[PDB]
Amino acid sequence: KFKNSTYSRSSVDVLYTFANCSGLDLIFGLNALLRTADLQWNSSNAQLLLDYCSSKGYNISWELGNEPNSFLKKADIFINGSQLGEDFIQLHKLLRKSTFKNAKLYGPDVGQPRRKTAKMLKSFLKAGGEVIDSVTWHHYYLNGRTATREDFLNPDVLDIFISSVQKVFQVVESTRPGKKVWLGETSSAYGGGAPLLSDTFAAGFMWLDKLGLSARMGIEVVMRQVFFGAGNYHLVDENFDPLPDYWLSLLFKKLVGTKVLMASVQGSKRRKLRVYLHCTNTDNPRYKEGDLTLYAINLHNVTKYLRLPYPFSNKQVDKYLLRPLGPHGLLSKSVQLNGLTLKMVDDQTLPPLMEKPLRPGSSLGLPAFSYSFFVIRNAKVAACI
């Protein structure tokens, strides 16, 4: 299927300047199917690339291989996880004998447990686990080709993710306990996303739930496939318009801090009403130390009213409720914040994100098939300080 392609120093400069002037930390994945007679990693090509990156003063981090479980399927070449570990070390040496010898190294970007990926990942962590600064794996819920609207709305589909993570932390605790665990590449649906699904309001259920569970289960970083490109799961389409997952991501970034807490519903069902709690993000100038950010998903077909527990029952709450702009409802490519359509003011200018303050003491209104942030002002949680 897939054949070899070249890229120019030029290509590199595009990608670096994109990230640099955007304020993001480029991680660059290197070609791992460059092989020596004895099926070792031939490092010469990467070596050329590092010289150029070094020779430009490029602040860049590194990966080696993507979904190595597939190589046999992909390029009729099987690499045992042991050898891949050995290649990771060869690369760590090359990084150490470079100008940025502190540069971070992440891997091995294996597919989820469902892909029979355990043996490769256990052998790879035993072999080369010492030289990587984070473990990277990939997750998709569905096949893009077969995924339905009802799949996107199904809590039983969302729940499979929990076990995925558990099975990963099982391999890592058994070989490199305390090593940081990263989703290296993840979205709704593989083969580029589900057409008319992966790019709508409906995609928001799987995206905000994935973020909630990842934070809750000790995943340190989640990498969204993709910010921009061919695939239906892009945050920004081919006409550089932001899709509803993008507005969800932005609202998440303003409101949610680094300190993960826990919320749960009193019922014997915590399936269709999904709740997450963090400390409010400190960098946000509207809010002070002690403040909580609750985020909630409602997959019931009616409004649910959420009651804050003692002693936060009478606090002032700011609502950030997201709902699709009609007429395509959950299949819409446009979203409203507290009943205001979200759009760039112009190409240089993002809009304000306007809270809706609730009367202190009111139950928290969460309409059917909807997700919301609730900031609890003056919560005064010491753990958040």
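Take the two forms, superpose them, and find the largest set of C-alpha atoms that agree within 1.5 Å; that set is the rigid core. Heads up: residue numbers just count along the shown sequence, starting at 1.
The stretch that moves more in 6 other deposited structures of this protein, judged by CA deviation after a rigid core superposition and choosing between 120 to 128 and 107 to 115, is 107 to 115. Take 270 to 278 and 220 to 228, fit the other structures onto the shown form by the rigid core, and average the C-alpha distances in 6 other deposited structures of this protein: the farther stretch is 270 to 278.
Here 152 to 160 and 78 to 86 are compared by their mean Cα B-factor, and 78 to 86 comes out higher.
The PDB entry reports B-factors from which the mean C-alpha value can be compared for 43 to 51 and 62 to 70; the larger average falls on 43 to 51. Of the candidates 121, 131, 251, 277, the PDB record gives 131 the highest C-alpha temperature factor. Set against one another, the Cα B-factors of 259, 139, 210, 270 in the record reach their highest point at 270. The PDB entry assigns residue 200 a C-alpha temperature factor belonging to the lowest third of its chain's modelled residues. Ranked by C-alpha B-factor against the other modelled residues of its chain, residue 244 falls in the lowest third.
Per the deposited record, the Cα B-factor of residue 285 falls in the highest third when ranked against the other modelled residues of its chain. Residue 193: CA B factor in the lowest third of modelled residues in this chain (values from the PDB entry). Compared with the other modelled residues of the chain, the Cα B-factor recorded for residue 356 ranks in the middle third.
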